[PDB]
Trainee: 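One structure, as structure tokens, below. Some questions next.
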Amino acid sequence: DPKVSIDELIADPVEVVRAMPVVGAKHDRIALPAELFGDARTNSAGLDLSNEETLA
Amino acid sequence: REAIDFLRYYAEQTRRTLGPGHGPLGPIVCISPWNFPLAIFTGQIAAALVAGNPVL
Amino acid sequence: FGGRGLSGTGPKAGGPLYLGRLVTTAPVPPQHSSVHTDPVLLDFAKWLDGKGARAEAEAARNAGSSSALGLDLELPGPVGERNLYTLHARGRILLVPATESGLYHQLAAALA
Amino acid sequence: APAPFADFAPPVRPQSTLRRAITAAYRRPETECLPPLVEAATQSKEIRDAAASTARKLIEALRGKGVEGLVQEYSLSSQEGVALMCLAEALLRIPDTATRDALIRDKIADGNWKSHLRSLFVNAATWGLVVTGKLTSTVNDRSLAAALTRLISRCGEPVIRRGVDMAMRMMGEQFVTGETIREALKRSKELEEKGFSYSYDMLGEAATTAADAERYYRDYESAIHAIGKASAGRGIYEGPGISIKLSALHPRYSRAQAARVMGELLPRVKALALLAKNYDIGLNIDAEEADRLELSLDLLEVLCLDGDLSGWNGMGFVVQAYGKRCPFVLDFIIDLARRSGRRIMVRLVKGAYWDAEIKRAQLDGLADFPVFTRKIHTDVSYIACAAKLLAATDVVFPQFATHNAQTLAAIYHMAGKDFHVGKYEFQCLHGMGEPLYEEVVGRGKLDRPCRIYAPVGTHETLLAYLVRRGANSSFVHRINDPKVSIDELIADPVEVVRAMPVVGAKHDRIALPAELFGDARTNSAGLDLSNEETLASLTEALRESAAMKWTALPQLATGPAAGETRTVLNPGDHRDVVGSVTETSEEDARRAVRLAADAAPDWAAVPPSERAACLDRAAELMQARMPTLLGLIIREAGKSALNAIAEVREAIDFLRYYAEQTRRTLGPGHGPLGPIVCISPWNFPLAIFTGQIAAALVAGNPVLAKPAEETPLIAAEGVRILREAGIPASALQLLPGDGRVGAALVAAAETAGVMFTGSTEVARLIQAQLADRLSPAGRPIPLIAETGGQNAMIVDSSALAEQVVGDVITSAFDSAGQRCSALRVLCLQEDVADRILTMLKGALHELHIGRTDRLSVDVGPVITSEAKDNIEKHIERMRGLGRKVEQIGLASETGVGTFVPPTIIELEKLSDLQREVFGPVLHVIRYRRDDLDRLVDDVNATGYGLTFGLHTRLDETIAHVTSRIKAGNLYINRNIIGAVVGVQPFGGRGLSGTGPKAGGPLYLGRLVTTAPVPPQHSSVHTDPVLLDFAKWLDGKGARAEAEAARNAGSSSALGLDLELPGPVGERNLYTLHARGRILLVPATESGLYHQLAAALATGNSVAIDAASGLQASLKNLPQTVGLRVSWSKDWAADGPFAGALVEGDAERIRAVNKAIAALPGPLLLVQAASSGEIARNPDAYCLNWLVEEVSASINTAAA
Ligand SMILES: Cc1cc2nc3c(=O)[nH]c(=O)nc-3n(C[C@H](O)[C@H](O)[C@H](O)COP(=O)(O)OP(=O)(O)OC[C@H]3O[C@@H](n4cnc5c(N)ncnc54)[C@H](O)[C@@H]3O)c2cc1C
Ligand SMILES: NC(=S)Nc1ccc(F)cc1
């Protein structure tokens, strides 16, 4: 992409993350499964049948 | 999960719509099948109840 | 969820028209509207005004506006899926009128 | 006899060095503007540190302290909140409080809201922006009506009462300081006691009529007295002042009208300034669009040098930092302050018209934007200009208008520690800026004064331009964004810009005007008639064009020919000889066709890409020669300078568009038709001339170019340029003359196609001549005929009257109404008809009619004395019938030419208009809202269908009207003229043309024997009746025909729906619909099945010739198909048709073609094939010509 500069491509992800206001914040545009419907209602939750804690 | 979703969905649709002028029918008979013995059981009953009808 | 014909009466379970069937006066569902006006409804309203059926012509225009025929919505769901919800004509409606004005109102409702 | 162009556009005054440096910067590249701004805005490390600390303290205070609470309390959706506020607005229009409360309790809260209360939702776009922060140009009124019913039925009277209270506080206290100057002055006492001052804005702008300008004047005058009485001698710094907009004070405030501006607007501003002087209050001239900047400087200079205003320093002037001229404007103002001895109050702002400036520059094809395209550049400009102002506080009073805490902090620290009242001040808007400046004003804060810009006006005026008064880039929006840190807000724009890879790079997502079409083609370039350097250069080029010995000769392949020579006269002044034309003999016209036939193989053998290169080279020559071509068009055709620019641009666009379409499509299998006769009109004597010729030439055909008798000189110059670009003389022959020349060309045996733009009557005569002939392959001779229209605009009660009037004045009277697209019938909803008509008449009388070699002329002459008499006979007949007729008085100087005064005629019914009147004559009818659908029927019933306009904010009305109107070019919330090549492909249906659209992708395919597949031309939609018909065919055993039908369903492009690239603030849509009812003339059963398949696959119904005897071939059709099929014994009784499909041998085809040409109404596009061709060729009939192209152009900046 001619828009992206070498400075952008060379940025250190470790230091960019360290400087964020909440380290490790979820992507703003990706809904947690519980939040798929926004403020309308809470999505039902399932169970992970691949999780050994859950199976036990 | 579907039973939970029915409950929460008809709850939210009620909060969005129902007013004093939306009078109930009265006693509603809810007859449900054996293949979705909780989810369709719950969906029909929850809808009838939240609309202000007592259910058989 | 729910179909037509031998599959059921509707309205769809888990959809926005469901609760309205369970009250004596149905509410306006969320997002339930359409900017489309059925063109045969419009032709019927002009015919009614040519007759001087002013009350019915007005009723027909109001039916044409409040109809949600043509609604076309995307419903929120998971990524990698598009979930659409649309309102179409039902088909042929049986009209059992008693009076001329009753028939005009019924026809307006069906055409709209 | 005045010398041509001797008075074209003389400047108000000789341009000083300082004024010239302003003009030079008008559209300077952004990469050249920014580096000196960066340097000027550069501050020391310590100052930048202190500034970042101050901005952090202010932004922290701001974050640690309405409609949102109402939405929350009642669990309202966004649409419900908007609908509620629209309902509250309407309830507040009820005068008496107890009446309103009774209606709420006894009627509204019971759901009966439609009964008592124009749509409720006319201003929903504004409330939408209030509620959601998002703007839309139009309003989904069905969604809002559903939401309003829902929320009332759910929450009842309590939510209505809360909405009413909220809207009342916002409209009477938050959007405006006060409803009247008296009220606003009473409400200012509080913050004045806390150290603020005020500047009152009476909200006038963009006067449309003399009466509007006078109303705004008397509003300003009364406010000045009220403010001066309240000021009570506090002076211009501590006391309140007023802000005025020059556009409010004259209906024609523009550079083109500079003489009227200096003679009529200037004395008005002087009278207001004299009253402000007497009370010793500030009077600030607000800044408006970029093309008014330098004109406003001429007024500022006169006022500041006027001795009657001496002794008063209250005169103020706004400069916009988003403008590239801003620092040079400041240099000029500071020097003016020194010369005059007046301490000019200079309000530095960023600027309020950004979106409109981007759109305008793109529309006008100008070199660059007059504003920056990156918000951060505007911020650097602001700081840079503030530095210049702070160095000049001894001679000007700087006023730093900003809500941006970082900008504020930077300036505060830049100004240093020495301060006193009168050195400089900050400014902010009422409602918006007080939270910030409460942290600034006062000895306990930053101890810097702030002046509050206080809008004053009622609910009508406020809601008008409140939208312009919340974008993602705005500080006020970003400070409210929780995902924006303070560190992002206190970031130094100066140091951010300095570290970018290319300082001053244009915004990546905004196209320069020349790049509007990307890699497809280079946009044509215009000229800026507000730029004094351009006007000076153009004046000289225009005078030179009038010293040229323009000629037009019959230019045959063998050389020029002799003939009868006559002079060509300026229609605006018959004393002004423009040139001479030598007209073609009937014998030489026929000789030219034979010469063109002889040369046809040679030109067809030139590879399509090289033919396109000729067109592209011609476009470059026309662009380079534009100033000279303008001069010829102005004098030969009677056009104004702006319209000649558009005409030359349109010619360039056609050349480049058809060149690119050729490079996209044409190969060796797309053989030319042969010699094409191109007959062009006098109203677009270069653009339509060039378009037809270029299309035919690039499709591989040699051309016989017959220009209108009235306008041969620009045609000859167009041919000269095309030959210079490489078109051989044998491929392009010019044949000037009258209809005898046109008729000889059309009748010549080797004529293989005719392109005609002109009257319907002449087009019908050409069709009759062509129906006698067949091509060498036995097909009808193609005719592309673009004819008139009876074009209408429908305006409902939701439209903005001022926007309607400007679009109506332009659409009806531009080019003296001699556009095929010109607005002929305006339909006004009855509730707003009187108000709009009054404004329209007032606007009519502000037009300047005269010889067009003056920039001040709005409307020129009609083309001939015959045109004038025809138009005036219509007007007198209407007046004779007692219709109300409004006309402007013409100057005596018009007697030397042929002028018709712009005219408004009020009709009882659309049926009163029974003829096309090709002149500046607007007919007006009124309609009731419930009759809208019938009105659309009345418009359609004319049989025309070229251009159509709709002004409404209501989506339900848009959907209804645009689905019912039958017109080729639709325009929503804009004028209906000036269709742009490749953007609004142009061409109508019915009596308005055959199609295909000029400047569209089907055009070239009509000019070859085998049409190519156009770019982007396909559809995934299959007509369902076609599908029913194919199954029926299979049921009957017609298996091959069923397969051909399925293939037709797939190949059809019915349902194509494209958005075409164009300027920002507009959506341009291109769609393919069914044409209507196609006349089928079959010979065999299989031929009928193939014809029906072609018609059904393109969405059409059919009328089948009953004389074919093929009725038994369609037994037991599915009802869906039967609904589409009728049988016709009397073709002329069962029309109008939209096309025809014919099967037969050559004699049968000729006989049918002649019978179809005799059908009244539209010229039918006829396709013919033999029975054997139907069997052999799947494309025997071409589906391109069985659909209808529709172009829709929607103004999305309209709210
Ligand atoms: C008291 C007062 C009087 C005013 N008078 C006038 C007037 O007479 N004429 C006038 O035109 N304006 C005037 N304005 C300014 C205008 O109305 C806006 O209020 C002002 O531009 C907001 O800028 P800011 O420093 O508040 O906010 P910010 O968020 O700092 O600045 C926003 C501004 O940046 C600019 N901008 C946004 N995006 C871009 C971009 N992509 N490229 C380039 N620039 C961009 C725009 O000018 C926008 O208004 C006045 C403002 C005030 C406070
Ligand atoms: N003014 C012109 S060119 N008229 C014309 C052309 C061809 C024809 F058949 C009849 C008339």
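By convention in this document, chain letters (A, B, ...) are assigned in the order of the sequence lines, proteins followed by strands, and residues within each chain are numbered from 1.
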Trainee: Name the region of C:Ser65, side chain, backbone, both or neither, that has any atom closer than 4.5 Å to a heavy atom of chain D.
Mentor: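 Both parts, heavy atoms under 4.5 Å.
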Trainee: Taking NZ, NE, NH1 and NH2 as the nitrogens, is one of them in C:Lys46 or D:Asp931 under 4.0 Å from a carboxylate oxygen of the other?
Mentor: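 The answer is no: the pair does not qualify as a salt bridge.
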Trainee: Tell me whether the count of non-hydrogen atoms from other residues, nucleotides or ligands lying under 6.0 Å of CD in C:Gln31 goes above 12.
Mentor: no
Trainee: Only pairs of heavy atoms separated by less than 4.5 Å count here; which of D:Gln79, D:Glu80, D:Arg142 has the most with chain C?
Mentor: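 Of the options given, most contacts go to D:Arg142.
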Trainee: Who wins among C:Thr25, C:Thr37, C:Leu42 for the most heavy-atom pairs under 4.5 Å with chain D?
Mentor: C:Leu42
Trainee: Write down the atom of D:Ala959, the atom of C:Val35, and the distance for their closest heavy-atom approach.
Mentor: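 Shortest heavy-atom separation between D:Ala959 and C:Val35 comes out as CB-O, 3.5 Å.
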Trainee: Per the side chain to side chain contact (heavy atoms under 4.5 Å, CB included) rule, which among D:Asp933, D:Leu932, D:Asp930 passes with C:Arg61?
Mentor: D:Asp930
Trainee: Relative to chain D, which segment of C:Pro27 carries a heavy atom at a distance below 4.5 Å: side chain, backbone, both, or neither?
Mentor: neither
Trainee: Taking all atoms of both residues into account, what is the closest heavy-atom pair of C:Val28 and D:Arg150, and its distance?
Mentor: O-NE, 2.9 Å
